[PDB]
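In order of appearance the chains are A, B, C, D, E, F, G, H and I, and numbering begins at 1 in each one.
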Amino acid sequence: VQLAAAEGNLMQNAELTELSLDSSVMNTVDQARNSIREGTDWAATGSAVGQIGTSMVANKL
Amino acid sequence: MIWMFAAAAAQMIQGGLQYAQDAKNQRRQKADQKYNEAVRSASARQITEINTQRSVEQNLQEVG
Amino acid sequence: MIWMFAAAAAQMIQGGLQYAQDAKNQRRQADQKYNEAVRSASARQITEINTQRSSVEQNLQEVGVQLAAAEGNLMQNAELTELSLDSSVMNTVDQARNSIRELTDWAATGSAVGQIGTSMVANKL
Amino acid sequence: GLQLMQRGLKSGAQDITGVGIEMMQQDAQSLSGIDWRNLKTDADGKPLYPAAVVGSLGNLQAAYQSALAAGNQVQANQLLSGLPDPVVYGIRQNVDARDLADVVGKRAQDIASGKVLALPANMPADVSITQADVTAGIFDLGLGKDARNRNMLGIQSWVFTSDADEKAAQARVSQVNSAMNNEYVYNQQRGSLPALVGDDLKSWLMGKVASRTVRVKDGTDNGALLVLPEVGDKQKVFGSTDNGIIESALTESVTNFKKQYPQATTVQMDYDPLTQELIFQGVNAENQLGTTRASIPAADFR
Amino acid sequence: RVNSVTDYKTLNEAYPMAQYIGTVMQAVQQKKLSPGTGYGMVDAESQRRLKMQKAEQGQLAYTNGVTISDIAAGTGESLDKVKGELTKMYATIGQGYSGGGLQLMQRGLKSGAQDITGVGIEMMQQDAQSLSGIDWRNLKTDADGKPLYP
Amino acid sequence: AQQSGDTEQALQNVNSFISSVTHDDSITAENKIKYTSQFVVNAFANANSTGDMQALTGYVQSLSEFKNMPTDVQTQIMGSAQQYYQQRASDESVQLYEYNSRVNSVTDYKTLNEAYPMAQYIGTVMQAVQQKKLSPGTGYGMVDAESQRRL
Amino acid sequence: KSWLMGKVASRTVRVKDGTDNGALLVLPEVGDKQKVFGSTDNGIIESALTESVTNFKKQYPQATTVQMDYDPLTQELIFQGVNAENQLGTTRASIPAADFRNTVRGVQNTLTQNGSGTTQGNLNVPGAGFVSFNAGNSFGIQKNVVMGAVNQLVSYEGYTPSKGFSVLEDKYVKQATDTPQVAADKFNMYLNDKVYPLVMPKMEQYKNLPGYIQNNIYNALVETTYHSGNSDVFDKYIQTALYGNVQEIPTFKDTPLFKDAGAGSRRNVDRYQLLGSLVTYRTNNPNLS
Amino acid sequence: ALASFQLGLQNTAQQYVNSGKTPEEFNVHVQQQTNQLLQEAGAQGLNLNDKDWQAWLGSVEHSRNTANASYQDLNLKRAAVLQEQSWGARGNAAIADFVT
Amino acid sequence: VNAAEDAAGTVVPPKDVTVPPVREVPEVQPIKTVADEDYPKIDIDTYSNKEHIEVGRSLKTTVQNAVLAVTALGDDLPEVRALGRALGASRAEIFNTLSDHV
C-alpha cells in the first residue's frame, strides 16, 4: 500500500520539474539552493564513497 | 490574412474530435441505461415539490 | 526492424481470442428471458443505493468571489453610459458635474504626478 | 489448426506449422460465398453477422499475430498466400478485432464495384527485393536446430562472414527476384492477380515463392538453393508431398551436376511433362541462360 | 518458457546466460539430449539475444528522430523502408489509418518537418476513398425522417 | 533523494543496501551476486540527468565488491550502462524541441509577450547552443523563425 | 484554385546551388517514381539535380529559368530554357536516366553509410567517467561484437593518470598533459592499427565450430595479442587442445605470459576455462576433423 | 488580506447604495472595516515605518478614497433617474383626467 | 553533404561526436554521360509561304519583338528613336543571343 502511495506522490510531483525549463518559480528555486550552498567533478565524488565502500559504519564506531 | 483565423481554427479543432469520439462509444455497446433515465423523473418530482409549492417604488407600482 | 514489434504483437494476440469466445457464448444460448430480468432488477437496486449514497487559502477564494462580483457590477453600469448621446441623462448629470467641479492639458498632469510618483508617502511624513 | 500452429512455432519445427497452416487456410474458403450486401440489419442499422465467421476471423488474426511474434516472417507471409483478397487486406491493416468484420465487408463490396485500378503488364519496381528489405528482417525463418536452417538463403556463417558468402547472397537475391518476376508474369497473363498493391502484393508473391524452396545440402559449404517447379500433383512425379525427403534425394544429382560443370555458379530445375523428364540448367544474371544442361527420368528419382 | 519472453531487460533479469548454458550442458552430459540438439539450442539463444540488443538501439532512432534523414542515418535503412516502417508503427498506435495519420500529421506539424507530414497526409487521404461507394439516397431512415449514417 | 537535488544522499542510500546485502550470512554466494547485479543494473535506469549517471558510474567502478565479480557479469553491466547513456543525452536535446513547440502553441500577440518575453527565449536558446546540446544551425534558425513570426 | 494549387504543390523542388536563391523546378508526372528517379523522396532528388542544374546554367548564362521534361520512348530527361507568355527558347540539354539513378543511389549510400548504420559509442573509464568512442572498423565486425573485447581489455588493464591504458611510437602513448579523451583516442588508434590485422587472419581456421565458440575465441585472442603483440602464443595451445596431445596443456604454466598475469588471478582462470571447454567439445564430437 | 479588503470596500459601496442607506451608515462601516485591518496588521509584521509599510499605507488610503468618491456619484445618477420616472408618472395622470 | 545540413541532429548530439579510425568510401558505379556529336541540328522552315524580313543574307523572332530591341540599344541614333518607340507600340524575322545580334 505505501509503495503504491509513494509512486503516486512522485508521479504527481514530477509535473512541475517537467516545466522547470519555462516556469518562473523554478528560477527563484535553484537560486535559493545555490545561495544556500556556499567546476565540480562528479566522477571524483563517486570514487571517494566507493573506496570506503561497505566498511562505513565499521570505520566510525 | 491567414493569421487572423488562428484562434477560430484552434477552437474549431475541438469540435471535430469529440464528434467522432462520441460515435465510437455507441458502437461499443443498453437496456440498463434506459432504466436510470426513468428514475431521473424522481429528481423532477423532488424539484416539483418547490415547483408545486409555487418610498417611491410602492407609489409607482400603485400608479401603474 | 522486425523485433521491435514483438511486444505489440504479443499484446494483440489476446484480442482476437476473446472476440471468438463471445460468438460461441452467445450462440450456445431461450435463457435470454431469464438473463434479462437479473439486470432489469439489479439496475433499480443499484440506482437506489447510489441515491442513498448521494491563512491564505481562504483569502484567495474570497478575492476570487469578490473579483467576479466587481466585474459583474461594472457590467450593467457601463450600459447606461453607452447611451450618453441619446439619454439626456449623463447630460443632466454632466451639467451638474461641470458646475460643481469649477470651484486642461492632460499631458501636463501626468508628468507632474510621475515626477514624484514613488516618494509621495516619504515626502508627506 | 491454431493449436497445431502454436505447437509447431513453440517447438521450432517447420513441418508441423506447415500442416497447421494447411488446415487454417483450408477453413478460410467459407468466407468467399457470403453475400455481404444482403445481411439482415438491426433496428439501428448495424448488420447481423453469423457466428461462424466471427470466430474464423478472430482465429486468423490470432494465428497471424502469433506467427509474427516469434520473428518468423517467412511462414507469416506463407499463411497469407491462400486467403481471399479482402481478408488479406483487412488483417494487414492493424485494427481492433471488433471492426475486422465490418472492414472486410466494406472492402469486399468496394472491390465488387470496380473501385480498384488494374495492375500494369510489368511488375512495379517497388515490388522487387533489395538490401534494405533484407535488413528489415525478411528471410528470417525463426527458431531452428541448425544455423543453415533458419535463413531461407541457406548461408551458415552468422557472426564472421567472408566475401565468398557475400557473393552467394548477392546471387541468391537475384535468383529469388527472377523467380518472383516469373510468378508475377504467369499470374498476370492468366488474369488471376489479387486486388492488392505495393507491400501487400510483395508479401503475396514472397509467400507464393517461399513454399517451393528447397536447400540441398551437399557439394560445398552453404550447399545449394533450388526452387521446385509447379506440378499437378506431387505424388505422381516426386513420389511424396514432404520436402524433407526430396532435399535428401536430390543430393546425388546436384553433386554430379556441379562436378561435371565447375564453372556453373547457380542451378535451375524444370519439368517436362510430355516425356516425363526433369531438366537441370545453369543460369546467368539478367535472367539469361547458359549452355549446360542435364536430363533425369522421373522413375528412378521416385 | 525461456523463449516466451520478448524484452531484453527482463530476460537478463530472469534468465542469465551463464545459468542457461550450464543447464543445457549438464543435460547434454547426462545423455538426456544429443550434442547436436544442445549446441544448436545454445547457439540460437546466443544469436537471438544479440538480435534483440541490436533492435533495442534501432527503436530509439524511430522514437526520437526528428526527420526522415536522421532516422535513416541511424538505423541504416533506405528512406523508402523507414517510411513504410513509420507508417506501420503509427497505424498500430492509432488502430487504423485515420487515427494514426492524424497523430502523425500533428507530430510533423509541431516538429516543423514536411517529410513526416507528407507521409501522414498520404494515409489520411488514402483512408478517405471509402466514402465514394456509399449509396446516400437509400440510407435507412429514422421514425422522424432522420437518416441513420454508419 | 535526488528529487531534492542531493546526489550524495542517493549514493549513501545505494551503498547502505549494497553493504546490507553483502554482509548477510543466511544466503549463498550466487544469490549475493544475483541481488547485487540486479540492483546495480536497475539503479542506472532511474537516473534523471547526465551528472547522476557519471557520479554513479564513478562510484560503482571503484567499489571493491564489484571488482571481484566474474568477468561475464562486469562486461554485461558495462554494456548495459552505455545504453541508458546516449538515451539520457537524446532526451535532454528533445527537451528543447518540446519547449519550442510549447512556445509556438500560442496564437495571440498579447499573451505571447506576457508569457514568453523575447529576451528570455533568446537567452534560453543561446545557452543551450553554447553547451553543445544543439548545433548552431538549428538554434539560429529557431530564433529567426520566431523573430519573423512575431512581426 | 485550391485544388489546382495543391496538385501543383506536390511536384515542386528547390534546387540549391548555382547562385543566391538557388533555382526552382517542377518535376514531370511519371508512372512510378522508383523506375525513373530511383526514389520516392524529393530530398534526395533535390541534392542529385545540383550538378546538372549548375552545368546547364554555366553553359547558358543568358537563360533565366529552366524547365524539365521526360521522354519515355528513349528513357531520357530533357532540360530547356523558357520565356514568358508560355514561349520556349532554343537552348536544350539531354541526360540519360541510368546515370541519374546511379548518382541518386551513390548519394543514398553515402547518407546511410553503405547501410551499416551509425557507429558512435561510449566508454566507462574509472575516475574520468564517460567518454566518446567510435567502433568503426575495416573488417566488417558488427558493433556489439567489437564492443565485447574492449569491455574486457578495460576490465583487465584499468586506467590511471600516470599510465593511461598501458599502451607500449609517440602517437600511440599517453603524455603528461593528455586528457582522458585524447588518451582513449590514441588507445583506439593503436588497437585498430596494431591488433586486428594480426588477429583477423587467424580466424579463417575456426569456421567448423559453432558461432559462439568462435566469439569466445575472439576475445581471448584479442586479449593475448594486446599484451604480447603476437597472436601465435595462444593459437599454439588452442591447436594443441583441438587436435594435439592434451597431455601437453599443463605445460602452459611455464610461459612468461602466464607468469606476468599472476599465478592465481582471474585472468588465468578465464584462459583455462576456454581450454577446458574445447576439450569437452572435442570429446563430444569424435568425428571432428 | 490587502487585496481582499480593497475589493470588499468597492463591492460594498454599491450594495449600500442600492438599499438607500444614509452616508453615516457607510462612514461607520468604512471606519469599522479599516480598524480591523489596521489591528490585524499589528501582528503580521512590526509595522515599523519603513519604505514597504509606508507604501502599504499609501495604497490603503486611496483604497478608501476611491469608494468614498464613487458612493456620491451612484446616488447622483439614481436621483435623476427617479426624478425622470416620477415626472413621467405625473404626466400620465393629467392625460387620464383630461380624457375623463 | 549539401543534403544533410537539413537534418535536425537530435540523436548523437555534437557533444558526443568523434572521427572514425578508418576512412569510408561510397559504393557508386563508374559511369559518366557525354553529349553526342553526330546528331543533326533539325529545324523546320515555316516562313517560306509568307512575307518575311531577312537579316544578313539562325535565330527566329517577330517584328514587334525585334523593333523594341533596336530602340533600347540605339543610343547612336538621331533623335528617329521616337518614331521607333511609337511604332513599337503599334510576321516572321530571321537572323543568319538576340541582344548581341543587333
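By our rule, a contact is a pair of C-beta atoms (placed from the backbone, for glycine too) under 8 Å apart; a residue touches a chain by one contact, two chains touch by 3 or more.
Distance between Cα centroids is largest for the pairing of chain E with H. Ranked by distance of CA centroids from chain D, the top chain is H.
The interface with the greater count of contacting C-beta pairs, when D-E is set against C-H, is D-E.
With centres defined as mean CA coordinates, chain I is found 51 Å away from chain E. Rounded to whole angstrom, the centroid-to-centroid distance between chain A and chain G, based on C-alpha atoms, equals 40 Å. The centroid of the Cα atoms in chain G and the matching centroid in chain I are 44 Å apart. Centres computed as Cα averages put chain B at a distance of 70 Å from chain I. Contacts with at least two other chains are made by residues 1-3, 5-6, 10 of chain C. Residues of chain F in contact with two or more other chains: 54, 57-58, 61-62, 70, 86, 90, 94, 97.
Annotation for chain I: residues 4, 6, 8-12, 16 touch two or more other chains. If you check the complex, the residues on chain H that touch chain B are 82, 85-86, 89, 92-93.
The part of chain C that touches chain E in the complex is made up of residues 1-8, 10. Of all residues in chain B, only 31-32, 35-36, 39, 42 touch chain C in the complex they form. Those residues of chain B that touch chain H in the complex are listed here as 56, 60, 63. Looking at the complex, you find that chain B touches chain F at residues 6-7, 10.
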